[PDB]
>>> print(open('protein34.cif').read())   # mmCIF, N, CA and C atoms
data_query
loop_
_atom_site.group_PDB
_atom_site.id
_atom_site.type_symbol
_atom_site.label_atom_id
_atom_site.label_comp_id
_atom_site.auth_asym_id
_atom_site.auth_seq_id
_atom_site.Cartn_x
_atom_site.Cartn_y
_atom_site.Cartn_z
ATOM 1 N N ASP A 50 0.826 -1.191 0.000
ATOM 2 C CA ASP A 50 0.000 0.000 0.000
ATOM 3 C C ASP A 50 0.870 1.254 0.000
ATOM 4 N N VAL A 51 0.193 2.402 0.057
ATOM 5 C CA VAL A 51 0.866 3.684 -0.065
ATOM 6 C C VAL A 51 1.953 3.840 0.992
ATOM 7 N N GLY A 52 2.902 4.708 0.693
ATOM 8 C CA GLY A 52 4.047 4.908 1.552
ATOM 9 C C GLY A 52 5.269 5.149 0.699
ATOM 10 N N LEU A 53 6.398 5.325 1.387
ATOM 11 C CA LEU A 53 7.669 5.442 0.683
ATOM 12 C C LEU A 53 7.931 4.187 -0.128
ATOM 13 N N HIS A 54 7.514 3.040 0.404
ATOM 14 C CA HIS A 54 7.577 1.782 -0.329
ATOM 15 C C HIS A 54 6.819 1.867 -1.651
ATOM 16 N N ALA A 55 5.592 2.382 -1.604
ATOM 17 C CA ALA A 55 4.806 2.527 -2.818
ATOM 18 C C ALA A 55 5.494 3.475 -3.788
ATOM 19 N N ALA A 56 6.065 4.564 -3.275
ATOM 20 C CA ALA A 56 6.774 5.514 -4.128
ATOM 21 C C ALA A 56 8.009 4.893 -4.781
ATOM 22 N N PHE A 57 8.784 4.119 -4.023
ATOM 23 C CA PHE A 57 9.953 3.454 -4.586
ATOM 24 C C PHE A 57 9.569 2.524 -5.730
ATOM 25 N N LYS A 58 8.660 1.579 -5.475
ATOM 26 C CA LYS A 58 8.210 0.711 -6.569
ATOM 27 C C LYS A 58 7.430 1.478 -7.628
ATOM 28 N N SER A 59 7.021 2.703 -7.323
ATOM 29 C CA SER A 59 6.500 3.579 -8.359
ATOM 30 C C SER A 59 7.603 4.035 -9.305
ATOM 31 N N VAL A 60 8.779 4.365 -8.770
ATOM 32 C CA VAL A 60 9.904 4.784 -9.604
ATOM 33 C C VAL A 60 10.992 3.713 -9.685
ATOM 34 N N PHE A 61 10.652 2.452 -9.409
ATOM 35 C CA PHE A 61 11.677 1.412 -9.309
ATOM 36 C C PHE A 61 12.400 1.146 -10.625
ATOM 37 N N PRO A 62 11.749 0.680 -11.689
ATOM 38 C CA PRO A 62 12.506 0.285 -12.876
ATOM 39 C C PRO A 62 13.054 1.486 -13.629
ATOM 40 N N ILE A 63 14.301 1.350 -14.072
ATOM 41 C CA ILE A 63 14.991 2.387 -14.829
ATOM 42 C C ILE A 63 15.649 1.752 -16.042
ATOM 43 N N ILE A 64 15.478 2.379 -17.200
ATOM 44 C CA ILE A 64 16.122 1.952 -18.434
ATOM 45 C C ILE A 64 16.964 3.107 -18.953
ATOM 46 N N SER A 65 18.241 2.841 -19.202
ATOM 47 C CA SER A 65 19.115 3.863 -19.753
ATOM 48 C C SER A 65 18.623 4.304 -21.125
ATOM 49 N N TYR A 66 18.574 5.618 -21.321
ATOM 50 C CA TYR A 66 18.127 6.196 -22.586
ATOM 51 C C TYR A 66 19.067 5.730 -23.688
ATOM 52 N N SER A 67 18.544 4.911 -24.601
ATOM 53 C CA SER A 67 19.336 4.296 -25.666
ATOM 54 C C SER A 67 20.517 3.524 -25.084
ATOM 55 N N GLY A 68 20.282 2.891 -23.936
ATOM 56 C CA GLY A 68 21.316 2.136 -23.261
ATOM 57 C C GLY A 68 20.714 0.957 -22.533
ATOM 58 N N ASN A 69 21.568 -0.021 -22.248
ATOM 59 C CA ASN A 69 21.170 -1.237 -21.543
ATOM 60 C C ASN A 69 21.809 -1.196 -20.160
ATOM 61 N N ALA A 70 21.118 -0.543 -19.229
ATOM 62 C CA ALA A 70 21.569 -0.417 -17.849
ATOM 63 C C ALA A 70 20.374 -0.093 -16.966
ATOM 64 N N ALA A 71 20.143 -0.899 -15.933
ATOM 65 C CA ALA A 71 18.924 -0.812 -15.147
ATOM 66 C C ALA A 71 19.253 -0.662 -13.669
ATOM 67 N N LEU A 72 18.299 -0.088 -12.938
ATOM 68 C CA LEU A 72 18.397 0.082 -11.491
ATOM 69 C C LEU A 72 17.176 -0.551 -10.842
ATOM 70 N N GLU A 73 17.331 -1.778 -10.359
ATOM 71 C CA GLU A 73 16.273 -2.453 -9.627
ATOM 72 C C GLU A 73 16.248 -1.952 -8.191
ATOM 73 N N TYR A 74 15.050 -1.856 -7.626
ATOM 74 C CA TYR A 74 14.867 -1.413 -6.251
ATOM 75 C C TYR A 74 14.560 -2.607 -5.365
ATOM 76 N N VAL A 75 15.366 -2.786 -4.328
ATOM 77 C CA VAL A 75 15.081 -3.747 -3.293
ATOM 78 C C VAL A 75 14.574 -2.989 -2.073
ATOM 79 N N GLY A 76 14.043 -3.726 -1.102
ATOM 80 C CA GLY A 76 13.421 -3.124 0.063
ATOM 81 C C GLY A 76 14.309 -2.153 0.812
ATOM 82 N N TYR A 77 13.758 -0.995 1.167
ATOM 83 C CA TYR A 77 14.526 0.006 1.883
ATOM 84 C C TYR A 77 14.706 -0.400 3.343
ATOM 85 N N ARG A 78 15.643 0.271 4.005
ATOM 86 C CA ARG A 78 15.906 0.062 5.422
ATOM 87 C C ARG A 78 15.797 1.397 6.139
ATOM 88 N N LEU A 79 14.934 1.453 7.148
ATOM 89 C CA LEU A 79 14.742 2.669 7.919
ATOM 90 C C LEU A 79 15.845 2.828 8.952
ATOM 91 N N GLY A 80 16.287 4.066 9.146
ATOM 92 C CA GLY A 80 17.302 4.364 10.129
ATOM 93 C C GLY A 80 16.724 4.443 11.528
ATOM 94 N N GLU A 81 17.626 4.572 12.495
ATOM 95 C CA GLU A 81 17.243 4.714 13.889
ATOM 96 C C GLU A 81 17.295 6.178 14.280
ATOM 97 N N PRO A 82 16.405 6.642 15.155
ATOM 98 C CA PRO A 82 16.369 8.076 15.485
ATOM 99 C C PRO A 82 17.692 8.539 16.070
ATOM 100 N N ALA A 83 18.322 9.493 15.384
ATOM 101 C CA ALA A 83 19.618 9.993 15.826
ATOM 102 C C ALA A 83 19.516 10.660 17.190
ATOM 103 N N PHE A 84 18.444 11.402 17.426
ATOM 104 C CA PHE A 84 18.224 12.078 18.692
ATOM 105 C C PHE A 84 16.916 11.605 19.307
ATOM 106 N N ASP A 85 16.750 11.911 20.587
ATOM 107 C CA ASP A 85 15.439 11.828 21.206
ATOM 108 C C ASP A 85 14.689 13.132 20.965
ATOM 109 N N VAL A 86 13.358 13.043 20.966
ATOM 110 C CA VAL A 86 12.535 14.199 20.619
ATOM 111 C C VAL A 86 12.798 15.351 21.580
ATOM 112 N N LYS A 87 12.905 15.051 22.874
ATOM 113 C CA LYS A 87 13.224 16.094 23.843
ATOM 114 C C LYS A 87 14.609 16.671 23.579
ATOM 115 N N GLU A 88 15.578 15.805 23.276
ATOM 116 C CA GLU A 88 16.901 16.285 22.900
ATOM 117 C C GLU A 88 16.830 17.126 21.637
ATOM 118 N N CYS A 89 15.989 16.719 20.685
ATOM 119 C CA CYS A 89 15.826 17.499 19.465
ATOM 120 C C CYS A 89 15.297 18.891 19.770
ATOM 121 N N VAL A 90 14.307 18.987 20.656
ATOM 122 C CA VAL A 90 13.800 20.295 21.055
ATOM 123 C C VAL A 90 14.897 21.104 21.728
ATOM 124 N N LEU A 91 15.672 20.463 22.604
ATOM 125 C CA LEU A 91 16.778 21.156 23.248
ATOM 126 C C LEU A 91 17.779 21.676 22.228
ATOM 127 N N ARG A 92 17.964 20.956 21.124
ATOM 128 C CA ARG A 92 18.964 21.308 20.127
ATOM 129 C C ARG A 92 18.389 21.910 18.856
ATOM 130 N N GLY A 93 17.298 21.362 18.330
ATOM 131 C CA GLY A 93 16.765 21.827 17.064
ATOM 132 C C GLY A 93 17.156 20.943 15.899
ATOM 133 N N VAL A 94 17.017 19.626 16.073
ATOM 134 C CA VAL A 94 17.501 18.664 15.092
ATOM 135 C C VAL A 94 16.384 18.061 14.254
ATOM 136 N N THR A 95 15.154 18.549 14.392
ATOM 137 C CA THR A 95 13.990 18.138 13.613
ATOM 138 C C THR A 95 13.567 16.695 13.867
ATOM 139 N N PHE A 96 14.109 16.032 14.885
ATOM 140 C CA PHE A 96 13.664 14.707 15.328
ATOM 141 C C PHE A 96 13.599 13.713 14.171
ATOM 142 N N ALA A 97 14.538 13.863 13.247
ATOM 143 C CA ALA A 97 14.537 13.106 12.008
ATOM 144 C C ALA A 97 15.024 11.679 12.242
#
>>> encode(input="protein34.cif", output="structure tokens")
Amino acid sequence: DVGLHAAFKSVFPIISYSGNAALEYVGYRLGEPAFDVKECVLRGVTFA
């Protein structure tokens, strides 16, 4: 269903313009929160 996953498989297959070279998409891996939300507020790191 919808999500970044849906967007990736939306743009997954790539064909080189007049070329034979492709970029297949395999499952993405989510990162771990670099900061805590309270720490982000203390610093301003957008809790990304």
>>> resolve_selection(input="protein34.cif", expression="the PyMOL selection byres ((chain A and resi 97) around 6.5)", output="list in words")
residues 81, 82, 83, 84, 94, 95 and 96 of chain A
>>> write_last_selection(input="protein34.cif", atoms="N, CA and C atoms", output="compact mmCIF listing (two decimals), keeping the file's coordinate frame")
# COMPACT_ATOMS: atom_id res chain seq x y z
N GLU A 81 17.63 4.57 12.50
CA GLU A 81 17.24 4.71 13.89
C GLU A 81 17.30 6.18 14.28
N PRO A 82 16.40 6.64 15.16
CA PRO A 82 16.37 8.08 15.48
C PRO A 82 17.69 8.54 16.07
N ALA A 83 18.32 9.49 15.38
CA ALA A 83 19.62 9.99 15.83
C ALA A 83 19.52 10.66 17.19
N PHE A 84 18.44 11.40 17.43
CA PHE A 84 18.22 12.08 18.69
C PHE A 84 16.92 11.60 19.31
N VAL A 94 17.02 19.63 16.07
CA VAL A 94 17.50 18.66 15.09
C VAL A 94 16.38 18.06 14.25
N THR A 95 15.15 18.55 14.39
CA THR A 95 13.99 18.14 13.61
C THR A 95 13.57 16.70 13.87
N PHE A 96 14.11 16.03 14.88
CA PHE A 96 13.66 14.71 15.33
C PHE A 96 13.60 13.71 14.17
>>> select_by_dssp(input="protein34.cif", residues="chain A", states="alpha helix (DSSP H)", output="PyMOL selection string")
chain A and resi 53-59+86-92
>>> atom_distance(input="protein34.cif", atom1="CA of residue 59 in chain A", atom2="CA of residue 79 in chain A")
18.3 Å
>>> atom_distance(input="protein34.cif", atom1="CA of residue 77 in chain A", atom2="CA of residue 52 in chain A")
11.6 Å
>>> atom_distance(input="protein34.cif", atom1="CA of residue 72 in chain A", atom2="CA of residue 53 in chain A")
17.1 Å
>>> axis_aligned_box(input="protein34.cif", around="range 68-79 of chain A", padding_each_side="5 Å", output="lines of an AutoDock Vina configuration file")
center_x = 17.6
center_y = -0.4
center_z = -7.5
size_x = 18.4
size_y = 16.6
size_z = 42.9
>>> closest_residue(input="protein34.cif", among="A:76, A:71, A:93, A:86", to="residue 58 in chain A", atoms="only C-alpha atoms")
A:76
>>> decode(input="protein34.cif", residues="range 53-83 of chain A", atoms="N, CA, C and O atoms", output="PDB file, in the first residue's frame")
ATOM      1  N   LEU A  53       6.398   5.325   1.387  1.00  0.00           N
ATOM      2  CA  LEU A  53       7.669   5.442   0.683  1.00  0.00           C
ATOM      3  C   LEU A  53       7.931   4.187  -0.128  1.00  0.00           C
ATOM      4  O   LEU A  53       8.517   4.241  -1.209  1.00  0.00           O
ATOM      5  N   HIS A  54       7.514   3.040   0.404  1.00  0.00           N
ATOM      6  CA  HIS A  54       7.577   1.782  -0.329  1.00  0.00           C
ATOM      7  C   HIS A  54       6.819   1.867  -1.651  1.00  0.00           C
ATOM      8  O   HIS A  54       7.335   1.471  -2.715  1.00  0.00           O
ATOM      9  N   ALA A  55       5.592   2.382  -1.604  1.00  0.00           N
ATOM     10  CA  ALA A  55       4.806   2.527  -2.818  1.00  0.00           C
ATOM     11  C   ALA A  55       5.494   3.475  -3.788  1.00  0.00           C
ATOM     12  O   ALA A  55       5.547   3.213  -4.987  1.00  0.00           O
ATOM     13  N   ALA A  56       6.065   4.564  -3.275  1.00  0.00           N
ATOM     14  CA  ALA A  56       6.774   5.514  -4.128  1.00  0.00           C
ATOM     15  C   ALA A  56       8.009   4.893  -4.781  1.00  0.00           C
ATOM     16  O   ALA A  56       8.286   5.135  -5.963  1.00  0.00           O
ATOM     17  N   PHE A  57       8.784   4.119  -4.023  1.00  0.00           N
ATOM     18  CA  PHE A  57       9.953   3.454  -4.586  1.00  0.00           C
ATOM     19  C   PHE A  57       9.569   2.524  -5.730  1.00  0.00           C
ATOM     20  O   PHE A  57      10.067   2.665  -6.852  1.00  0.00           O
ATOM     21  N   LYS A  58       8.660   1.579  -5.475  1.00  0.00           N
ATOM     22  CA  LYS A  58       8.210   0.711  -6.569  1.00  0.00           C
ATOM     23  C   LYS A  58       7.430   1.478  -7.628  1.00  0.00           C
ATOM     24  O   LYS A  58       7.167   0.950  -8.714  1.00  0.00           O
ATOM     25  N   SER A  59       7.021   2.703  -7.323  1.00  0.00           N
ATOM     26  CA  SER A  59       6.500   3.579  -8.359  1.00  0.00           C
ATOM     27  C   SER A  59       7.603   4.035  -9.305  1.00  0.00           C
ATOM     28  O   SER A  59       7.396   4.096 -10.523  1.00  0.00           O
ATOM     29  N   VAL A  60       8.779   4.365  -8.770  1.00  0.00           N
ATOM     30  CA  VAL A  60       9.904   4.784  -9.604  1.00  0.00           C
ATOM     31  C   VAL A  60      10.992   3.713  -9.685  1.00  0.00           C
ATOM     32  O   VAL A  60      12.134   4.021 -10.040  1.00  0.00           O
ATOM     33  N   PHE A  61      10.652   2.452  -9.409  1.00  0.00           N
ATOM     34  CA  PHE A  61      11.677   1.412  -9.309  1.00  0.00           C
ATOM     35  C   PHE A  61      12.400   1.146 -10.625  1.00  0.00           C
ATOM     36  O   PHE A  61      13.622   1.369 -10.691  1.00  0.00           O
ATOM     37  N   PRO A  62      11.749   0.680 -11.689  1.00  0.00           N
ATOM     38  CA  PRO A  62      12.506   0.285 -12.876  1.00  0.00           C
ATOM     39  C   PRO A  62      13.054   1.486 -13.629  1.00  0.00           C
ATOM     40  O   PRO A  62      12.386   2.508 -13.799  1.00  0.00           O
ATOM     41  N   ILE A  63      14.301   1.350 -14.072  1.00  0.00           N
ATOM     42  CA  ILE A  63      14.991   2.387 -14.829  1.00  0.00           C
ATOM     43  C   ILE A  63      15.649   1.752 -16.042  1.00  0.00           C
ATOM     44  O   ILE A  63      16.293   0.704 -15.933  1.00  0.00           O
ATOM     45  N   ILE A  64      15.478   2.379 -17.200  1.00  0.00           N
ATOM     46  CA  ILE A  64      16.122   1.952 -18.434  1.00  0.00           C
ATOM     47  C   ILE A  64      16.964   3.107 -18.953  1.00  0.00           C
ATOM     48  O   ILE A  64      16.458   4.223 -19.118  1.00  0.00           O
ATOM     49  N   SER A  65      18.241   2.841 -19.202  1.00  0.00           N
ATOM     50  CA  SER A  65      19.115   3.863 -19.753  1.00  0.00           C
ATOM     51  C   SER A  65      18.623   4.304 -21.125  1.00  0.00           C
ATOM     52  O   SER A  65      18.292   3.483 -21.985  1.00  0.00           O
ATOM     53  N   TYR A  66      18.574   5.618 -21.321  1.00  0.00           N
ATOM     54  CA  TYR A  66      18.127   6.196 -22.586  1.00  0.00           C
ATOM     55  C   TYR A  66      19.067   5.730 -23.688  1.00  0.00           C
ATOM     56  O   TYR A  66      20.244   6.095 -23.713  1.00  0.00           O
ATOM     57  N   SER A  67      18.544   4.911 -24.601  1.00  0.00           N
ATOM     58  CA  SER A  67      19.336   4.296 -25.666  1.00  0.00           C
ATOM     59  C   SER A  67      20.517   3.524 -25.084  1.00  0.00           C
ATOM     60  O   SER A  67      21.614   3.493 -25.647  1.00  0.00           O
ATOM     61  N   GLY A  68      20.282   2.891 -23.936  1.00  0.00           N
ATOM     62  CA  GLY A  68      21.316   2.136 -23.261  1.00  0.00           C
ATOM     63  C   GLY A  68      20.714   0.957 -22.533  1.00  0.00           C
ATOM     64  O   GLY A  68      19.518   0.922 -22.238  1.00  0.00           O
ATOM     65  N   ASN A  69      21.568  -0.021 -22.248  1.00  0.00           N
ATOM     66  CA  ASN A  69      21.170  -1.237 -21.543  1.00  0.00           C
ATOM     67  C   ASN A  69      21.809  -1.196 -20.160  1.00  0.00           C
ATOM     68  O   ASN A  69      22.889  -1.746 -19.934  1.00  0.00           O
ATOM     69  N   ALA A  70      21.118  -0.543 -19.229  1.00  0.00           N
ATOM     70  CA  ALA A  70      21.569  -0.417 -17.849  1.00  0.00           C
ATOM     71  C   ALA A  70      20.374  -0.093 -16.966  1.00  0.00           C
ATOM     72  O   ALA A  70      19.658   0.882 -17.217  1.00  0.00           O
ATOM     73  N   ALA A  71      20.143  -0.899 -15.933  1.00  0.00           N
ATOM     74  CA  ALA A  71      18.924  -0.812 -15.147  1.00  0.00           C
ATOM     75  C   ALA A  71      19.253  -0.662 -13.669  1.00  0.00           C
ATOM     76  O   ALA A  71      20.325  -1.053 -13.200  1.00  0.00           O
ATOM     77  N   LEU A  72      18.299  -0.088 -12.938  1.00  0.00           N
ATOM     78  CA  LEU A  72      18.397   0.082 -11.491  1.00  0.00           C
ATOM     79  C   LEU A  72      17.176  -0.551 -10.842  1.00  0.00           C
ATOM     80  O   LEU A  72      16.112   0.072 -10.774  1.00  0.00           O
ATOM     81  N   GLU A  73      17.331  -1.778 -10.359  1.00  0.00           N
ATOM     82  CA  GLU A  73      16.273  -2.453  -9.627  1.00  0.00           C
ATOM     83  C   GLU A  73      16.248  -1.952  -8.191  1.00  0.00           C
ATOM     84  O   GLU A  73      17.294  -1.653  -7.609  1.00  0.00           O
ATOM     85  N   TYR A  74      15.050  -1.856  -7.626  1.00  0.00           N
ATOM     86  CA  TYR A  74      14.867  -1.413  -6.251  1.00  0.00           C
ATOM     87  C   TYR A  74      14.560  -2.607  -5.365  1.00  0.00           C
ATOM     88  O   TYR A  74      13.603  -3.346  -5.617  1.00  0.00           O
ATOM     89  N   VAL A  75      15.366  -2.786  -4.328  1.00  0.00           N
ATOM     90  CA  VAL A  75      15.081  -3.747  -3.293  1.00  0.00           C
ATOM     91  C   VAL A  75      14.574  -2.989  -2.073  1.00  0.00           C
ATOM     92  O   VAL A  75      14.645  -1.765  -2.002  1.00  0.00           O
ATOM     93  N   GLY A  76      14.043  -3.726  -1.102  1.00  0.00           N
ATOM     94  CA  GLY A  76      13.421  -3.124   0.063  1.00  0.00           C
ATOM     95  C   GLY A  76      14.309  -2.153   0.812  1.00  0.00           C
ATOM     96  O   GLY A  76      15.485  -2.435   1.060  1.00  0.00           O
ATOM     97  N   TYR A  77      13.758  -0.995   1.167  1.00  0.00           N
ATOM     98  CA  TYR A  77      14.526   0.006   1.883  1.00  0.00           C
ATOM     99  C   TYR A  77      14.706  -0.400   3.343  1.00  0.00           C
ATOM    100  O   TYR A  77      14.025  -1.285   3.866  1.00  0.00           O
ATOM    101  N   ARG A  78      15.643   0.271   4.005  1.00  0.00           N
ATOM    102  CA  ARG A  78      15.906   0.062   5.422  1.00  0.00           C
ATOM    103  C   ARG A  78      15.797   1.397   6.139  1.00  0.00           C
ATOM    104  O   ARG A  78      16.487   2.356   5.780  1.00  0.00           O
ATOM    105  N   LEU A  79      14.934   1.453   7.148  1.00  0.00           N
ATOM    106  CA  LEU A  79      14.742   2.669   7.919  1.00  0.00           C
ATOM    107  C   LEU A  79      15.845   2.828   8.952  1.00  0.00           C
ATOM    108  O   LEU A  79      16.286   1.854   9.568  1.00  0.00           O
ATOM    109  N   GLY A  80      16.287   4.066   9.146  1.00  0.00           N
ATOM    110  CA  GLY A  80      17.302   4.364  10.129  1.00  0.00           C
ATOM    111  C   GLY A  80      16.724   4.443  11.528  1.00  0.00           C
ATOM    112  O   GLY A  80      15.513   4.386  11.746  1.00  0.00           O
ATOM    113  N   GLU A  81      17.626   4.572  12.495  1.00  0.00           N
ATOM    114  CA  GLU A  81      17.243   4.714  13.889  1.00  0.00           C
ATOM    115  C   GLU A  81      17.295   6.178  14.280  1.00  0.00           C
ATOM    116  O   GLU A  81      18.161   6.910  13.783  1.00  0.00           O
ATOM    117  N   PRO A  82      16.405   6.642  15.155  1.00  0.00           N
ATOM    118  CA  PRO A  82      16.369   8.076  15.485  1.00  0.00           C
ATOM    119  C   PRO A  82      17.692   8.539  16.070  1.00  0.00           C
ATOM    120  O   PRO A  82      18.140   8.047  17.108  1.00  0.00           O
ATOM    121  N   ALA A  83      18.322   9.493  15.384  1.00  0.00           N
ATOM    122  CA  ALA A  83      19.618   9.993  15.826  1.00  0.00           C
ATOM    123  C   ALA A  83      19.516  10.660  17.190  1.00  0.00           C
ATOM    124  O   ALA A  83      20.409  10.508  18.031  1.00  0.00           O
TER     125      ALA A  83
END
